[PDB]
Amino acid sequence: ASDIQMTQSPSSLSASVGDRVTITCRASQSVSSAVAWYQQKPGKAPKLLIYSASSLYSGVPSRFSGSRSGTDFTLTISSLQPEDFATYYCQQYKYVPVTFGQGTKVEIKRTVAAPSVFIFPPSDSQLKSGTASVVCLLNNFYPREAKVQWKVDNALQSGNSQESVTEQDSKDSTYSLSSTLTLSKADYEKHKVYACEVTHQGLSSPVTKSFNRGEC
Amino acid sequence: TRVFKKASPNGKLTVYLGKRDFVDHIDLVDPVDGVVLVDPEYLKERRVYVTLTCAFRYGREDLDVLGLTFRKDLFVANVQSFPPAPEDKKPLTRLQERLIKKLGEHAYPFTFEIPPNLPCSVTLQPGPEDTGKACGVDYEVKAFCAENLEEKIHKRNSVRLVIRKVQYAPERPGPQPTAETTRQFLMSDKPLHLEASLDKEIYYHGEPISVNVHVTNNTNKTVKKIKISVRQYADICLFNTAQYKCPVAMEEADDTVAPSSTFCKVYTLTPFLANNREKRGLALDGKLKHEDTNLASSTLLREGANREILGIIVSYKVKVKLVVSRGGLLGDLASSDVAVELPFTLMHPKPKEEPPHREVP
Amino acid sequence: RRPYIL
Amino acid sequence: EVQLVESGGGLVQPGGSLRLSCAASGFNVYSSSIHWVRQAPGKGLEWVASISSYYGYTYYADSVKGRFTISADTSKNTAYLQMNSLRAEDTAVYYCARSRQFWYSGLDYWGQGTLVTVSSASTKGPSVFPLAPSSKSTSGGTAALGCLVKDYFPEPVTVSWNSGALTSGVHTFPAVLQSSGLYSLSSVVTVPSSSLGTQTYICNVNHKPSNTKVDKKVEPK
Amino acid sequence: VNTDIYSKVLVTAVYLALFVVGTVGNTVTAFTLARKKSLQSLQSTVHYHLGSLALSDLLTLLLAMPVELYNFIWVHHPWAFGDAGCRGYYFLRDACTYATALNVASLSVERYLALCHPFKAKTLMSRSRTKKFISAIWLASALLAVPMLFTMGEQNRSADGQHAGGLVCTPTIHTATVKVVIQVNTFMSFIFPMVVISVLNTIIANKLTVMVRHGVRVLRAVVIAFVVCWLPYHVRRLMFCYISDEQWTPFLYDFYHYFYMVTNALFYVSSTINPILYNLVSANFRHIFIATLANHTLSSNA
Ligand SMILES: COc1ccccc1C1CCN(c2nc(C3(F)CC3)nc3ccc(N(C)CCO)cc23)CC1
């Protein structure tokens, strides 16, 4: 085989403590049973879970189990414990270019919560530096899938926005967002209307937070 | 779970096997069980035979002309498979029953019982100019559709599957190797002593071998150099009993022992195939077609002394040599060597699955 | 005869 | 005890070179295989190279074949990965992984990984830009207060509020790499409106890698 | 000693060519046999005789012709030594030819034993026995050349020794002693070893013809190679010893000089052709010598 692609079906997976989840992957061609599964916690090295598509590696808890039907492979977790929050990778090792899957993040799921949207105008010290950046904060939204729109002077801003999302809250199991809209020296003065439209699916209707120059 | 199948070139004959490596437990080999899927509408009053053959290929005193390096047959077995004329009620392997249920009523079982005291699959490393099938011991399962055994084996209706007979390291370690020498040099009392000794009886492939050499030259002669070698022996009883020998690991140490002084050291050697890919005739492990296999494992002879029938018996030893320089009547180049040989076992540990996990490019 | 015995 | 320890991974320039060292312990290079697997920040695993040391094989990925070379030092049981012609698409955490030589190829032992950053930007000091609390725009009872730290190239910095005296839901977002090649993050906190004008909210930034410390105090306007 | 000037230059150049060819071939053969990057049998001693023959040929090539090119080929009236260095040179050359003949015969004996009656070679011919036999043969090679140490010497062979007209190697011993020494040399280096080699190689060829590289067609050139070169040189040692003091003429003198030159050329060619034969006969040896000298099985589940 010139090159083999491992396609993991669940890119994102939400579950709850004690639930049963399965992670499957499909090989480009027949890799026989030469398949291994790895678990990676955030900020650490991968840990080998199973190999040979079924063999449970020594020391791994018995909840993890793998199976092969055809070209596809499956990793199942029975009664997942809270420390099963990780990213799981599948590897084929029947050929020298050993290929890994894209990974499946098994996140702990809970009740959907309404996000909160805030607006912070750029600092006056920032303006004197020749740069501007108005940012929008989304706090405590569960299902992700939050879109950020600015509508600078009733114009759909795009491309220049940079956004980041924090990891899952240790005590709340919720998320947060912060999108940065970097501006040039004269862009902030030219346009005086700024908004922040949130298209979150967790709440009933879209919420837009607006701001204007000279507003506290 | 998974089985191995290989149809005949015309497709009218298939052989299903469970494993391609059959372990030898010294007392008994694993049975070569399987099924053959035939087409009775195509045989037209013709039987199907399944043959198991152990073949030895080697040249007796190999030279520029290889006369005896054609073939030999250390064991051949035959089984009539399609027509149950013998009505053999031999118990069916669970694998055989599952395959018969999957395949239907045209699947008929065959099973062999390889006798003990038979060679394991050993491949002799071919030379740069050795053109042909590699020398050594090879097993093969062949099924064909013929009216009688003496009939010509037509290429189209025949399936040839290579299988391997293997062994693994015994679970009980042997006594730790230890050897000695006390050479009394001419016109010199208080003789030299050597006390080389390993630490394990059984080693695995890729593992280091630690040699505990302890010299004490109480004589008036100086040990110029110490040579430490791991060598592989391969007895080949094909046409005449001929023991061969080949070093696989070497470590020449420059440590010297002055007269009336001792010397204690521990060395470390590891045999591997990277630096031996050019020694022709080196015994490698049995290959399926052409893939790389490690150095051949030690041959675990049954009951120590049962029968020396043909085959390749692979063994390993550690050689500890002390060269002693001598001048005067000589030219400071005539060296008397004091040698110690230590035998050790080189095997694979008992595995849990089929060995071939190696990624292929 | 002048061979010097070769 | 079995462990693989990495070393020699740090910031370089787009065209430079490093030599990663994996001090393998607890096993031997002949009975095991050594592999190099890297993870781009936010991406998946990718095998880079592997060395057999029993059969004398060295394998390389289709993207690093010419430039990356792998070798082992048998005496010190150390595997080496000499990088060359490093480009931007080489920023990753490189783990050295171990596999059985005989009858297994699955990475059961990994190292902690070395972050190898390959970019032309030089170390520089950040500037802290406070986020003023818009007491009118926000609809919730508790306002949000934060500060913006921008344009610092090396490893992320540590931020704190009132020297750790403020624990009310501090949300420090992961650093983002801007187009200019400098990191940036933000740190907001939910604060009750009772002490908006009374309680002090001072943001402390420590950047010992760049040896910079700029602090700003936010206050509602 | 009147001889053609151009012919002398030609024979000297060809002698230098054989010198370099033989030395290079023998050196490569000795170097190739030293390395043992192969599995060697506990009762395989064929390489021992090959090494001994190569060493003997090299010793003859570096010991015989440098003396023979000056004191016999270029200028015969003077000498390069007196009595110790001339008798020593002739003793060394005689020991060298004895060693080469003994090594060839012993190699033929070993091949006979290995390929025709393997039991005798396996049971009796071991590596220690082979080494002791080679040492004994080398020791006896000088033993069979003992009379040359006494027969040879320095003689003026003129009216007086006060002139440089003649001073060269010449047997000063009696005619009967010279004849006895020459006959012993001929019997021990031309009849016995050549006959042994011919008989053993012919028997091997007949045995190998039952089975039906050249293979069997090399022992038909091995014995032929021995006879074409050895005999013309070993008859010169008899054409100038037992010949009476009669039928002498300047034409006879020129013919004798040319015959000696041709015979020595053939002897050196034979001493140089062994490495070429070793390269031609074998394959794994040739590779080493030249390098430093120049349906499918599917899978399913039940
Ligand atoms: C004087 O040379 C003689 C005299 C009698 C018989 C054979 C030979 C040479 C012929 C070619 N060669 C070998 N011949 C045979 C014969 F079988 C044909 C008799 N077997 C060999 C086996 C091994 C071997 N080597 C050590 C490798 C170098 O070539 C050489 C030969 C060397 C001896």
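Residue numbering for chain E follows Swiss-Prot; the residues present correspond to positions 56-267, 299-380, 405-412, in that order.
Method reported for this entry: electron microscopy, 2.7 Å.
Yeah, the Cβs are placed from backbone N, Cα and C, and that goes for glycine too.
When Swiss-Prot is compared with the stretches E:122-145, E:321-344, E:345-368, the one noted as region 'Neurotensin binding' is E:321-344. If you check Swiss-Prot, you'll see E:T100 and E:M207 are listed on opposite sides of the membrane. Across the topological domain 'Extracellular' (E:206-234), DSSP assigns 6 helix, 4 strand, 19 coil. Neighbour counts were taken as the number of other C-beta atoms within 10 angstroms of each residue's C-beta; across the disulfide-bonded residues E:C141, E:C224, the minimum falls on E:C141. Among the listed stretches E:68-88, E:143-164, E:235-259, the one sharing the most Cβ pairs under 8 Å with the transmembrane segment (E:344-364) is E:68-88. Across E:68-88, E:103-122, E:143-164, E:185-205, the stretch most heavily in contact with the transmembrane segment (E:235-259), judged by Cβ pairs under 8 Å, is E:143-164.
Residues E:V267 and E:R299 bracket an unmodelled region of 31 residues, and their Cα atoms lie at a distance of 14 Å.
For the transmembrane segment (E:68-88), the neighbouring stretch richest in Cβ pairs under 8 Å, chosen from E:103-122, E:143-164, E:185-205, is E:103-122. In the three-state DSSP scheme, E:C141 (disulfide bond) falls into the helix class. Under DSSP, residues within the topological domain 'Extracellular' (E:326-343) fall into helix, strand and coil as 8 helix, 0 strand, 10 coil.
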